[PDB]
Amino acid sequence: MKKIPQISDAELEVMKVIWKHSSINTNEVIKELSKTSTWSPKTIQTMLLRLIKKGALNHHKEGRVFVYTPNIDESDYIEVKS
């Protein structure tokens, strides 16, 4: 459910990348993150899942890939007990 993003630097990298885009789709996201930091796709899926679960990133299912719309922007990485 919506929670303030309890973000680790590793997740912050994906936030940072994503915030440069209007949104981004899964393929492009995995590719971009893999290129910038060679983590297993599972890692990316986990990060995405976290951000989705926490209501940090909302997404839209574009048939096969899911497009990520940042729910947070103003609250640029503020870990408060919430």
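Residues numbered from 1 in each chain as written, not as in the entry; some residues may be left out. Heavy atoms only, no water.

Structure determination for this PDB entry is given in the record as solution NMR.

Caption draft 1: Fine view of the pairing of strand 3 (residues 65-70). Two elements, strand 1 (residues 24-25) and strand 3, share 2 bridges in a ladder whose sense is antiparallel. Pairing of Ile24 across the sheet is with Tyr68, part of strand 3. Pairing analysis gives 6 bridges linking strand 2 (residues 57-62) to strand 3, with the strands arranged antiparallel. By the bridge assignment, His59 is partnered in strand 3 with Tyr68. Linking strand 2 back to strand 3 in an antiparallel pair, the connection comprises 2 residues, with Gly63 at a positive phi of about 60 degrees. (Pairing = 2+ DSSP bridges. Helix = DSSP H or I, 4+ residues; strand = E, 2+ residues; numbered from the N terminus.)

Caption draft 2: Seen up close, the pattern of salt bridges. Evaluation of the coordinates by the stated rule reveals 3 salt bridges. With a closest N to O distance of 3.0 Å, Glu11 and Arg50 form a salt bridge. Of this pair, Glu11 sits in helix 1 (residues 9-19) while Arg50 sits in helix 3 (residues 41-53); the two residues are 39 residues apart in sequence, bridging distant segments of the chain. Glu11 gets classed as buried once you look at its relative accessible area, which sits at 3%. What makes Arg50 partly exposed here is its relative accessible area of 35%. Between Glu11 and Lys54 there is a salt bridge, with its nearest N and O atoms 3.4 Å apart. Of this pair, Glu11 sits in helix 1 while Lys54 is found in the loop between helix 3 and strand 2, placing the two residues 43 residues apart along the sequence. By relative accessible area, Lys54 is classed as buried at 7%. A single network of salt bridges, built from pairs that share partners, joins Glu11, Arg50 and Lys54. (Salt bridge = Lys/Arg side-chain N within 4 Å of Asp/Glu carboxyl O. Buried < 20%, exposed > 50% of the residue type's maximum accessible area, 1.4 Å probe, protein only.)

Caption draft 3: Expanded view of the packing of helix 1 against helix 3. One way to put it is that helix 1 packs onto helix 3 with a least axis distance of 10 Å and a crossing angle of 80 degrees. Looking at the two axes, helix 1 sits roughly perpendicular to helix 3. Of helix 3, the residues touching helix 1 (which contributes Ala10, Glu11, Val14 and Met15) are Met47, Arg50 and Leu51. Residue classes in the contact of helix 1 with helix 3 are distributed as 5 nonpolar, no polar and 2 charged. (Axes fitted to C-alpha atoms, helices over the stretch in contact; angles between N-to-C directions. Parallel < 35°, antiparallel > 145°, perpendicular 65-115°, else oblique. Contact = heavy atoms within 4.5 Å. Nonpolar A, V, L, I, M, F, W, Y, C, P; charged D, E, K, R; others polar.)

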